[PDB]
Amino acid sequence: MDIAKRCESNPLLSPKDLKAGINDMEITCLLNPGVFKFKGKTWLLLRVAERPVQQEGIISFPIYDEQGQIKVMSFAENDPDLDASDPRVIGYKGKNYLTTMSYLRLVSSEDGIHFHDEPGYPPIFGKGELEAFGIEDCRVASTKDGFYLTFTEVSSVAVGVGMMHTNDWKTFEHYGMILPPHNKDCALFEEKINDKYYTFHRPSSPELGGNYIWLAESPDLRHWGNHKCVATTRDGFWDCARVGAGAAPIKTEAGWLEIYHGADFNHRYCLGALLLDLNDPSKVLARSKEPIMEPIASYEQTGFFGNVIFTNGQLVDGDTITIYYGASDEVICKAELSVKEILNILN
Ligand SMILES: OC[C@H]1O[C@H](O)[C@@H](O)[C@@H](O)[C@@H]1O
């Protein structure tokens, strides 16, 4: 029931298309880019995942140590104290680790299809205790007061949400961890409502709850409260295991239109649509029963972690939504959707 016009050039960016940004590492994954416009170009703020060349029978990966220095961790695949069933997150002696380190990297484009690094625009790397395992999946809020980045901060003590601000994409201010663990999928709204700031977010409950889309509000972007549960998973549907907002919602006359991701217990991620009241964004007006984009293309089906569509950045020009997205947690893609057709599906 897929209604997305894929870019014929997909994929736009694969790991081999770029030079590694961490010393002695290679690029495993390009995914989940933020999206904005600046100095006449379309930009992606890529999630770039890197690790050492893998040796037979050894999982090895970078973290930052206490002095901020890359350090390589190694575990034997047959070590009985190792749980490596999932390629993204492992356990060893009761503690969790990632198989890669991620950072944020700017690429630019004149055509919105061929992308390249930009001299003077170096990448954004984890800093501090709370970003020791990297930063990920950055949403970019294009606003009157500039650009606001909301991304996953990962470390041995938390998956949480950080926020940064920039005017020129060279200088940044860090607002710290705005949402504690375990939380991600933080889609900041690009405008105020009732002179208040709003964001979607996505706390995960070990028990007594799940992985649902929530709402919070803020006077100042640094401090958040009045949390509300917007939309849960749906038992026995494609979005039965988790849901999360992608990019900021689009202002329409029907309401706030959010292209959200959902996944089942096999970790197959699809896109869906959510519509929310203009003045109370916690009120669900409508929700696509079926996905509006499933992982159908071949580059969407096999990779580092397969059967995954994921967008946390987009552009809107009239009726035409241009989403950029990660495919199989490996490569960058572009596709187009129609507001009118989405709203039509919701009635
Ligand atoms: O955030 C930690 C970890 O959580 C999930 O497993 C995925 O989103 C990974 O890509 C990510 O690195």
# chains A, B, ... in the order shown; residues from 1 in each chain; ligands from 1
>>> closest_atom_pairs(of="chain A", to="ligand 1", cutoff="10 Å", atoms="only C-alpha atoms and all ligand atoms", output="CSV")
residue,atom,partner,partner_atom_place_in_ligand_line,distance
A:29,CA,ligand 1,10 (O),9.6
A:31,CA,ligand 1,10 (O),9.0
A:32,CA,ligand 1,10 (O),9.2
A:47,CA,ligand 1,10 (O),9.4
A:49,CA,ligand 1,12 (O),8.8
A:86,CA,ligand 1,6 (O),8.4
A:87,CA,ligand 1,6 (O),8.5
A:88,CA,ligand 1,6 (O),5.2
A:89,CA,ligand 1,6 (O),5.6
A:90,CA,ligand 1,6 (O),9.3
A:96,CA,ligand 1,2 (C),9.7
A:97,CA,ligand 1,2 (C),8.6
A:98,CA,ligand 1,12 (O),6.1
A:99,CA,ligand 1,12 (O),8.1
A:100,CA,ligand 1,12 (O),7.5
A:101,CA,ligand 1,12 (O),7.9
A:102,CA,ligand 1,12 (O),7.5
A:133,CA,ligand 1,12 (O),8.4
A:134,CA,ligand 1,12 (O),8.1
A:135,CA,ligand 1,1 (O),8.0
A:136,CA,ligand 1,1 (O),7.0
A:137,CA,ligand 1,8 (O),7.9
A:151,CA,ligand 1,1 (O),9.7
A:152,CA,ligand 1,1 (O),6.3
A:153,CA,ligand 1,1 (O),7.4
A:154,CA,ligand 1,1 (O),5.8
A:155,CA,ligand 1,2 (C),8.6
A:158,CA,ligand 1,1 (O),8.8
A:159,CA,ligand 1,1 (O),5.7
A:160,CA,ligand 1,1 (O),8.2
A:161,CA,ligand 1,1 (O),9.9
A:182,CA,ligand 1,1 (O),9.1
A:183,CA,ligand 1,1 (O),8.8
A:184,CA,ligand 1,1 (O),7.5
A:185,CA,ligand 1,8 (O),9.3
A:305,CA,ligand 1,10 (O),9.1
A:329,CA,ligand 1,10 (O),7.5
>>> residues_around(residues="stretch 6-13 of chain A", least_positions_apart="2", cutoff="9 Å", atoms="only C-alpha atoms", output="list in words")
residues 4, 15, 16, 17, 18, 30, 113, 114, 115, 297, 299, 327, 331, 332, 333, 334, 335 and 336 of chain A
>>> residues_around(residues="residue A:146", least_positions_apart="3", cutoff="8 Å", atoms="only C-alpha atoms", output="PyMOL selection string")
chain A and resi 142-143+165-167
>>> atom_distance(atom1="atom CA of residue A:314", atom2="atom CA of residue A:181")
26.2 Å
>>> closest_atom_pairs(of="stretch 120-220 of chain A", to="stretch 52-76 of chain A", cutoff="10 Å", atoms="only C-alpha atoms", output="CSV")
residue,atom,partner,partner_atom,distance
A:126,CA,A:64,CA,8.4
A:127,CA,A:68,CA,7.1
A:128,CA,A:68,CA,7.4
A:129,CA,A:66,CA,7.4
A:131,CA,A:64,CA,8.3
A:132,CA,A:64,CA,4.9
A:133,CA,A:63,CA,5.3
A:134,CA,A:63,CA,7.7
A:155,CA,A:63,CA,8.8
A:156,CA,A:63,CA,9.8
>>> write_last_selection(atoms="C-alpha atoms", output="PDB file, in the first residue's frame")
ATOM      1  CA  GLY A 126      30.439  13.068  20.588  1.00  0.00           C
ATOM      2  CA  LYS A 127      31.841  15.067  23.499  1.00  0.00           C
ATOM      3  CA  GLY A 128      31.470  14.429  27.251  1.00  0.00           C
ATOM      4  CA  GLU A 129      30.539  11.355  29.345  1.00  0.00           C
ATOM      5  CA  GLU A 131      28.203  10.920  24.259  1.00  0.00           C
ATOM      6  CA  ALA A 132      30.977   8.350  24.798  1.00  0.00           C
ATOM      7  CA  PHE A 133      29.361   5.840  22.383  1.00  0.00           C
ATOM      8  CA  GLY A 134      28.427   8.464  19.779  1.00  0.00           C
ATOM      9  CA  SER A 155      26.907   6.031  26.436  1.00  0.00           C
ATOM     10  CA  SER A 156      27.321   3.219  28.943  1.00  0.00           C
TER      11      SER A 156
END
>>> closest_residue(among="A:251, A:139, A:201, A:242", to="residue A:264", atoms="only C-alpha atoms")
A:242
>>> residues_around(residues="residue A:316", least_positions_apart="3", cutoff="10 Å", atoms="only C-alpha atoms", output="PDB file with C-alpha atoms, in the first residue's frame")
ATOM      1  CA  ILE A 250       4.248  19.622   8.645  1.00  0.00           C
ATOM      2  CA  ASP A 319       2.175  19.356  -2.007  1.00  0.00           C
ATOM      3  CA  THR A 320       5.496  17.585  -2.545  1.00  0.00           C
ATOM      4  CA  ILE A 321       7.325  16.127   0.464  1.00  0.00           C
ATOM      5  CA  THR A 322      10.932  15.183  -0.314  1.00  0.00           C
ATOM      6  CA  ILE A 323      12.048  12.745   2.417  1.00  0.00           C
ATOM      7  CA  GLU A 336       8.692  11.869  -2.641  1.00  0.00           C
ATOM      8  CA  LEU A 337       5.228  11.850  -1.117  1.00  0.00           C
ATOM      9  CA  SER A 338       2.067  13.899  -1.619  1.00  0.00           C
ATOM     10  CA  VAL A 339       0.430  15.733   1.286  1.00  0.00           C
TER      11      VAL A 339
END
>>> select_by_dssp(residues="stretch 16-198 of chain A", states="strand (DSSP E or B)", output="MDAnalysis selection string")
chainID A and resid 26:38 41:51 58:64 70:76 82:83 89:92 95:98 101:109 116 124 134:143 146:155 158:166 173:179 183:188 193 196:198
>>> closest_atom_pairs(of="stretch 216-257 of chain A", to="stretch 207-211 of chain A", cutoff="12 Å", atoms="only C-alpha atoms", output="CSV")
residue,atom,partner,partner_atom,distance
A:229,CA,A:211,CA,10.4
A:230,CA,A:211,CA,11.3
A:231,CA,A:211,CA,9.5
A:232,CA,A:211,CA,7.2
A:233,CA,A:211,CA,7.2
A:234,CA,A:211,CA,10.9
A:235,CA,A:210,CA,11.6
A:239,CA,A:211,CA,10.4
A:240,CA,A:211,CA,9.6
A:241,CA,A:211,CA,7.3
A:242,CA,A:211,CA,4.9
A:243,CA,A:211,CA,6.2
A:244,CA,A:211,CA,7.8
A:245,CA,A:211,CA,11.3
>>> closest_residue(among="A:149, A:82, A:177, A:278", to="residue A:193", atoms="only C-alpha atoms")
A:278
>>> atom_distance(atom1="atom CA of residue A:2", atom2="atom CA of residue A:202")
25.0 Å
